[PDB]
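Engineer: my complex, first installment, coordinates as in the assembly:
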Amino acid sequence: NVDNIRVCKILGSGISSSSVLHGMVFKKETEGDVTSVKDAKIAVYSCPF
Amino acid sequence: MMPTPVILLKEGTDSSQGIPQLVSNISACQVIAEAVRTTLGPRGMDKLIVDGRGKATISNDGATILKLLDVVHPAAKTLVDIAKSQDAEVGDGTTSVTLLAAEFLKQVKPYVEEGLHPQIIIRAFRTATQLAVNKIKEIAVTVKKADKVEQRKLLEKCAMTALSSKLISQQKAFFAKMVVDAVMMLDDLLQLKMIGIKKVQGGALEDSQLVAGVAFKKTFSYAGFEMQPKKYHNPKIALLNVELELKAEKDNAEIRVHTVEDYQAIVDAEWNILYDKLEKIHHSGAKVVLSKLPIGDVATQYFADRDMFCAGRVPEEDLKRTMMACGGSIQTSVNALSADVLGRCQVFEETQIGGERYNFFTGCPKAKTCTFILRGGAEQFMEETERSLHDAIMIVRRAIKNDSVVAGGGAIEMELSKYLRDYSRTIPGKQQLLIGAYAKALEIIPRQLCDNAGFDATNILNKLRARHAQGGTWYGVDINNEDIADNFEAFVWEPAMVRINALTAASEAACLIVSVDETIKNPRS
């Protein structure tokens, strides 16, 4: 599937610094105080929290 | 041009193609670079730009100036974009990028005029940039001792160098020490939102202070606020996200009663709800109460009767800074106000600061945030002080990330030009001209420093070239002494990543501009 490849454009360091990540990147911020998880257990809700 | 009965593109489409188009692109790039040329080095000058609304802005920062000019030339916007990129990734050197890119284009303009294929020029730029970046990484000076005092001195010197081009350059040591302390107080992510910057009109630059805690302006106190004490010697702070007011229980809540005592009970129940919230807050043990949501007059008088402090409508960023400094949690409910969710600071005080009232939280020993209170005689004065402090903060953060420095004042670029010329002397000869042009274009920054300070650029450039060729790496422009000097022993230090990103962005912009052969402009919709 072509759509399974995502491109994230972040300005600043020249194209030689590009890299591939096995996952996804969102240009956003966390809502709460926790900002890092090492054994993530994501629960996804389509409804408002 | 024969008028075809049916035209191909829309009427009014403008197309320019060929060598003249690229020559015009180069000329426009130099036009843009001229607008920021004189804002370089300690002897730089500020620019004043007035928008349509008539609100002027005064700045020495190249990226800011370029953003305020409304550039519409498509090739010229590349310089503005690379200035923005340099500001985003590094934060300093937003002028050197534009001068370097325009100088590259100017140096390769004569070869373009004589029909040289632009792919050759692009390849030469890529090779020269790679070699220069490798040389920068190789010759950058780093100390593998992890000495705390040495790290402090390195950061202070880098901040002083970053600050020695702005209107606050006379107090550059003071501001550099402040910025280094501020960056140290941040914990691990060096988030900019954890360094508050408050600008208060009136007062000297030396009146600016850094508070080891959090400070924010007084926020629309209600009646009975003046009856509250304004100094606490060991307060516990209740950080809240709560609207302490008499109000409807919910927007969609409706009350239906059919008896008078039920009416009285409902009124007393609303009052009891408000007093229950206030009583829980009071018995939490806190003395200072802050809320993101408004705090009404009834709650203000209630806290005044208890010798407590209240402040509603506090901005969210200020509440975050207070939580980071004091160590509590922003509670949306007051049902569990335990000791671990209450902030704690040594001294809380409200003081008069230049015609305004500010709440000060000082004495926090575990504070991970800080607030700058900048004093100045004008709005733009304090804005430019903030911009200079932002440059210094970004420089110090990047230096925290890695302690690699190269001497400033054009010494690094003279060394790079010498190395590139030595390399170019040993190649077949078609790329030799272009790499030599790249090395010559690398000489723009020391030349611009000499021009801005009023020297004779040619003599200083000749002396620098001779010094670099005969041996010596960190010899740059000495502005005060009218000569050249070793800029490493003069503590003109800048992080290597600044020049690395500057060269990379300038090379990319030059290659993108050169690679274009035709510009087509559709009619505006």
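Structural biologist: Good, I have the coordinates. Numbers count the residues shown, from 1 in each chain, chains lettered A, B, ... in the order given.

Engineer: And the residue of chain B that's closest to chain A?
Structural biologist: Nearest residue of chain B to chain A (Cβ to the nearest Cβ) works out as residue B:89 at 3.1 Å. All C-beta atoms are positioned from the backbone trio N, CA, C, and that covers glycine.

Engineer: can you tell me which residues contact residue B:81?
Structural biologist: Contacts for residue B:81 (Cβ atoms under 8 Å, 6 or more residues apart in numbering or on different chains) come out as residue B:509.

Engineer: Please disregard the earlier target; I meant residue B:515.
Structural biologist: For residue B:515, the contact set (Cβ under 8 Å, 6+ apart) comprises B:118-119, B:122.

Engineer: from what I can see residue B:486 touches residue B:477, true?
Structural biologist: No - assessed by Cβ atoms under 8 Å, residue B:486 is found out of contact with residue B:477, at 11.5 Å.

Engineer: between these two, who's got more neighbours?
Structural biologist: When residue B:486 and residue B:477 are compared for neighbours, residue B:477 comes out ahead with 30 against 17, by other Cβ atoms under 10 Å in any protein chain shown.

Engineer: for the strand or helix carrying the more buried one, packing partners?
Structural biologist: Using DSSP states H and E, residue B:477 sits in strand B:475-478. Under the contact definition 3 or more Cβ pairs under 8 Å, 6 or more residues apart in numbering or on different chains; DSSP states H and E, strand B:475-478 sits against helix B:411-424, helix B:444-453, helix B:457-470, strand B:483-486.

Engineer: Run me through the strand neighbours of the last one, direction for each.
Structural biologist: I take that to be strand B:483-486. Using DSSP bridges, the strands paired with strand B:483-486 are strand B:475-478 (antiparallel).

Engineer: Report the separation between the residue in chain A positioned nearest to chain B and residue B:508.
Structural biologist: Closest approach between chain A and chain B, counting by Cβ to the nearest Cβ: residue A:12, at 3.1 Å. Residue A:12 is 11 Å from residue B:508, where distance means Cβ to Cβ, to the nearest Å.

Engineer: with the structure above as the base, add chain C:
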Amino acid sequence: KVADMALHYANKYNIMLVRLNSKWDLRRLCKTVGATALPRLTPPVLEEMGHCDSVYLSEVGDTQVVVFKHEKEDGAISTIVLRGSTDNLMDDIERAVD
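Structural biologist: Next up, chain C placed on what we already have:
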């Protein structure tokens, strides 16, 4: 959206909150993580629970990003982080990637 009381109680229990505004991104995250988009606030059953090697907040350049990262070199969705000095240059590189 996230309610204030909900955010409070999530902070109290040390739970990371991410608010994906677009449903395409939500679907792609579900694919790359292995979770099911629950239409209610019911606790997720074992199969519907998503897993990832590391989730964290990071800053690239001057942009705040949230990264869902797998240590293994495999997965349903892989992303390319394109750096550059101009927006047009990154758009050209993206066209080349396409």
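
Engineer: let's see the contacts of residue B:81 again after adding chain C.
Structural biologist: With Cβ under 8 Å, 6+ apart, residue B:81 has these contacts: B:509, C:85-88.

Engineer: And the strand holding residue B:477, how far out from the chain middle?
Structural biologist: The chain centre lies 27 Å from the centre of strand B:475-478; the measure is Cα atoms, centre = their mean, to the nearest Å.

Engineer: Please apply the same query to stretch B:472-486.
Structural biologist: That offset, for stretch B:472-486, works out to 28 Å (Cα atoms, centre = their mean).

Engineer: what does chain B put close to chain A?
Structural biologist: Residues of chain B found near chain A (Cβ under 8 Å from any Cβ of the partner chain) are B:84-85, B:88-90, B:189, B:329, B:501, B:504-505, B:508.

Engineer: My guess is residue B:297 contacts residue B:224. True?
Structural biologist: Yes - applying Cβ under 8 Å as the test, residue B:297 and residue B:224 come out as touching, 6.4 Å apart.

Engineer: Among those two, which residue is more densely surrounded?
Structural biologist: Neighbour count, other Cβ under 10 Å: between residue B:297 and residue B:224, residue B:224 has more, with 17 against 14.

Engineer: which secondary structure element contains the closest residue to the more buried one other than its chain neighbours?
Structural biologist: Of all residues not flanking residue B:224 in the chain, residue B:301 sits nearest, at 4.0 Å (Cβ to Cβ, 6 or more residues apart in numbering or on different chains). Using DSSP H and E, residue B:301 falls within helix B:297-305.

Engineer: what's the offset of that helix from the middle of its chain?
Structural biologist: Its chain's C-alpha centre and that of helix B:297-305 lie 41 Å apart, by Cα atoms, centre = their mean.

Engineer: Just the CA atoms of it, as PDB, please.
Structural biologist: Output of helix B:297-305 as PDB, limited to C-alpha atoms (Å, rounded to 0.1, in the frame of the first residue of the first chain):
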ATOM      1  CA  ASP B 297     -15.700  38.800  44.700                       C
ATOM      2  CA  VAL B 298     -17.400  36.600  47.300                       C
ATOM      3  CA  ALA B 299     -14.500  34.200  47.300                       C
ATOM      4  CA  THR B 300     -12.000  37.100  47.400                       C
ATOM      5  CA  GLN B 301     -13.700  38.500  50.500                       C
ATOM      6  CA  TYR B 302     -13.900  35.000  52.000                       C
ATOM      7  CA  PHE B 303     -10.100  34.700  51.600                       C
ATOM      8  CA  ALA B 304      -9.500  38.200  52.900                       C
ATOM      9  CA  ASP B 305     -11.400  37.300  56.100                       C
END
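
Engineer: Append chain D to the structure above:
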Amino acid sequence: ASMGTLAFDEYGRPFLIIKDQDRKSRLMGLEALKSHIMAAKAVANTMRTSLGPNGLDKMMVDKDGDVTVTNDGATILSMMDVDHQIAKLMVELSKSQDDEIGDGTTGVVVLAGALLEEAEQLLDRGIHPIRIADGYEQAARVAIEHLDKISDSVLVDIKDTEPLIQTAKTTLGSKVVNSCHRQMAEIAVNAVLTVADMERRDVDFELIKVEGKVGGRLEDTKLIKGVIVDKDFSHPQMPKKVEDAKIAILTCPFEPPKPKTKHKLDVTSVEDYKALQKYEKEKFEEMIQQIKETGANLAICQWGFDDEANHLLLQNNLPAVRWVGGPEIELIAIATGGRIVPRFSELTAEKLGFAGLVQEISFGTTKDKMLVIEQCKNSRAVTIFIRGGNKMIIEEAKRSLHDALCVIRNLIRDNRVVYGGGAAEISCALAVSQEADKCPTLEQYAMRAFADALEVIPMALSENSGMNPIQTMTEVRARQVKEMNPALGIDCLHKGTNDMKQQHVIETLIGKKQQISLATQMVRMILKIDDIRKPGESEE
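Structural biologist: So that you can see how it sits with the rest, here is chain D on the chains above:
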């Protein structure tokens, strides 16, 4: 010499870079600096006539025709409809001096203009403007150190306030209230000392109420150790004077309770209607009874009340005032020593404020009634009531008294003083000149220019008083050098002596330091601007 550049390409193709580049403009290099210096010189020369006891006022007219005759430099510059950016910078400098100090708003502008004039001369001699700014900064540091050296300390004790009176008199000398000079100075000193946290802490300015009412005379202006209220007694037949009033501050309207939440009380039968009517009547009766039970004599409300409550208050011998604003409620509570009670159920005797006298005041043939609350025990809030022959002198007296209050606040914050009349400026110029002699040559010119720019204040003072500027300033400087006395200034009032210490011309040290600092920084920022890019559109 505008729009930037215009080439239209070497090949004739269009060359458009900046949007509307054919309508914009730009100034570069020394020409922009000369234009800025000219603008600042114009502003400073306009301001310099309003300096000193013999200074003259400016009659300012706004958009709608309102006229404000004033001598305050910050006010004048705030009401000027300037368009030049450097003029706006000068206005900002004056406003900053007003904010930080409150006095000396005219000295900063004159000093900045003199500094920029000397910088223009140096630029014409061929010096980099950054060198001029550096020399100015060095000379400012030297002058600030000298001011610290030659300062004197004064007592800020309540028992002896003579130095405070003298300082306030010096501040008020240039204003129109110099007719009531000593009275104004004394009331300002008393006002500041009354509302102040004594341990060198801040003086809180929302504890001073300043109101002006037309009629009467300026001499009728008095200090009220209480609160003046624009309201009056609600019932026309209530007594106009209450003695030993026990105030009852309330923020609840004397009306039946009303829940905030959307509510609907259903009346389903005649019994329900009777119960509702009886409930309303009993609510009125019981709120009046609860107010009376505490023993209060005067009831103050914020949200007003209706006819039944008014007549019940009149019937129960309870004078009352309604619709009192929130700030006035707070001031009354602070002065009388009472607490603000949000509902009658919580009203107790211990929450009552005490006022020695509450009176209603008439103001001639005007129907206007205002309430006086005074003779409090330990009133922590004070009020200044200003009278005059027209509203314009009332506004001028308001701002002059504000200047005096700010000056006494500065004295409370820091009690070191220096002597005015240009003596401090002359001494600073002498110190700068002496320092420049030992200093290397290149910045010697900048330091000498700074000294000459400092010397403008004695020159302006002497010129305003009709004396010859250069002769008087030179004589005073020679006298200062011959005998060590930094207190010799310009005898503006022609008292026969040049010793300002004997003449009791006293200035706050921090005021002069702020003047020098702000002038130096603003001059540096103006000197560093070498480029202007105006839209040049001149839109309607």
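
Engineer: Once more for what packs on strand B:475-478, now including chain D?
Structural biologist: Checked by 3+ Cβ pairs under 8 Å, 6+ apart, strand B:475-478 has helix B:411-424, helix B:444-453, helix B:457-470, strand B:483-486 packed alongside it.

Engineer: how about 6 Å then?
Structural biologist: Counting contacts by 3 or more Cβ pairs under 6 Å, 6 or more residues apart in numbering or on different chains; DSSP states H and E, strand B:475-478 is packed against strand B:483-486.

Engineer: Format the CA atom coordinates belonging to the strand it packs on as PDB.
Structural biologist: Output of strand B:483-486 as PDB, limited to C-alpha atoms (Å, rounded to 0.1, in the frame of the first residue of the first chain):
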ATOM      1  CA  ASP B 483      43.600  45.100  13.400                       C
ATOM      2  CA  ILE B 484      43.400  41.300  13.600                       C
ATOM      3  CA  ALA B 485      43.800  39.100  16.600                       C
ATOM      4  CA  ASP B 486      43.500  35.500  17.800                       C
END
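
Engineer: how about it: buried residues?
Structural biologist: Neighbour counts over strand B:483-486 (16 or more other Cβ atoms under 10 Å in any protein chain shown) mark B:484-486 as buried.

Engineer: The following helix or strand past it pairs with which strands, and in what direction?
Structural biologist: Moving toward the C-terminus from strand B:483-486, the next helix or strand (DSSP H and E) is strand B:493-495. The pairing partners recorded for strand B:493-495 under DSSP bridges are strand B:405-407 (antiparallel).

Engineer: contacting residues around the helix holding residue B:301?
Structural biologist: With contacts defined as Cβ atoms under 6 Å, 6 or more residues apart in numbering or on different chains, helix B:297-305 is touched by B:222-225, B:227-228, B:244, B:278, B:310, D:340, D:342.

Engineer: Please determine how far the residue minimising distance to the centre of chain C is located from residue B:233.
Structural biologist: The centroid of chain C falls nearest to residue C:68 when counting by Cα atoms, centre = their mean (5.1 Å). Between residue C:68 and residue B:233 the computed distance is 48 Å (Cβ to Cβ).
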